[PDB]
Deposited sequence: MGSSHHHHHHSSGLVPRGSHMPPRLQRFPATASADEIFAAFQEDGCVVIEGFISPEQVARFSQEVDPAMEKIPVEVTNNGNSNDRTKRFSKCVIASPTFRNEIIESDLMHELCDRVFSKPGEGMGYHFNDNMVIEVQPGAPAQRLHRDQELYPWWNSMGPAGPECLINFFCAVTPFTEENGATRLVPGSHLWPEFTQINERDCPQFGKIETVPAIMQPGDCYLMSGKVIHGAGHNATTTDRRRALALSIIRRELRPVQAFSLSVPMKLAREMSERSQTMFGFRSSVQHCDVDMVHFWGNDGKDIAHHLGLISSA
């Protein structure tokens, strides 16, 4: 920023080799932070090829205002992609960051997966409605910035992110506004005056975003760029996933998963303390016994 200019909201950046407490401090202060090279170079390539057939079989709606107008969405990444199920979801850093946002000492893994979405904003797609992802859990806004974190997003780029192909518009620091509202002219005072920043990103980068950060896919201005992303939506264990992964992901794949990844997809329980109780358990036991996964 040239001297005397207005400084736009800060969007720090870290290489995927940086410390967890470091990237977390940026997450805490600004609600978001980029992690360049979150997934390896060829890894993202091997992922993008693997889901390209499934993407290719998704028609595009040309409608209207909603978040599906010229935007393809696809969630069966575990089924359709070995690289994702074998490599990406086993990022030690990802878990290291989920432990800081969600887990409490002695209570095990405090988080699990909400969704695994590939989102490909088609050329000419209108800008997505501005929103907090925690609107998925409607009461959460009511708790304001003091509320605990329900949701974080590792929002990784598949094809590159530019200002023109509709990369995500971020509003850093909107996690600390004093009243969390929906973002429209009737409910949001600051509507029309919201300073957004685009998340310019190369394939394999990601931004870790809080469910409190206002954001949205921008308008894709191009004519050939299908702007593709991979969203790793991770929630606290007490919240329900939008994807019923433990009913769609075949048991064969769950047997190949780690313990922690079995916990992420609901093939394994976790114990909550208050008295104690396995959430998503089976009459006082881990659901994994009944599924043939303890041995």
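Missing from the model relative to the deposited sequence are positions 1-14, 78, 290-291, 313-314 (no C-alpha coordinates, numbering from 1).
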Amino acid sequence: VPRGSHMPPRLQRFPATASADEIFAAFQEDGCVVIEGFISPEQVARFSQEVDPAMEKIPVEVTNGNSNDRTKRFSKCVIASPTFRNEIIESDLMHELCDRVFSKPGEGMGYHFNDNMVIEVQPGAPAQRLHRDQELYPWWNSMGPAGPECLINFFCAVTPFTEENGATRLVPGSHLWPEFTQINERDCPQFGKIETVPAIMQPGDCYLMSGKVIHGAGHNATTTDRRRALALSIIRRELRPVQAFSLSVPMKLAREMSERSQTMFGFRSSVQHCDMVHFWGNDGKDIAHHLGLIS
From here on, numbers count along this sequence of modelled residues.
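Relative to one another, 119-127 and 138-146 have unequal mean CA B-factors, and 119-127 is the one with the higher figure. For the pair 98-106 and 197-205, the mean Cα B-factor is higher in 197-205. Reading the B-factor column for the CA atoms of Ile88, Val213, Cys77, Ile152 in the entry, the top value corresponds to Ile88. Among the modelled residues of its chain, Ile39 has a C-alpha B-factor that falls in the highest third according to the deposited record.
Ranked by Cα temperature factor within the chain, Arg226 sits in the highest third according to the deposited record. For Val271, the recorded CA B-factor ranks within the middle third of the chain. Only modelled residues enter the ranking. Among the modelled residues of the chain, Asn184 sits in the highest third by CA temperature factor in this PDB entry. Residue-level temperature factors show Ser81 in the middle third of its chain, judged at the C-alpha atom.
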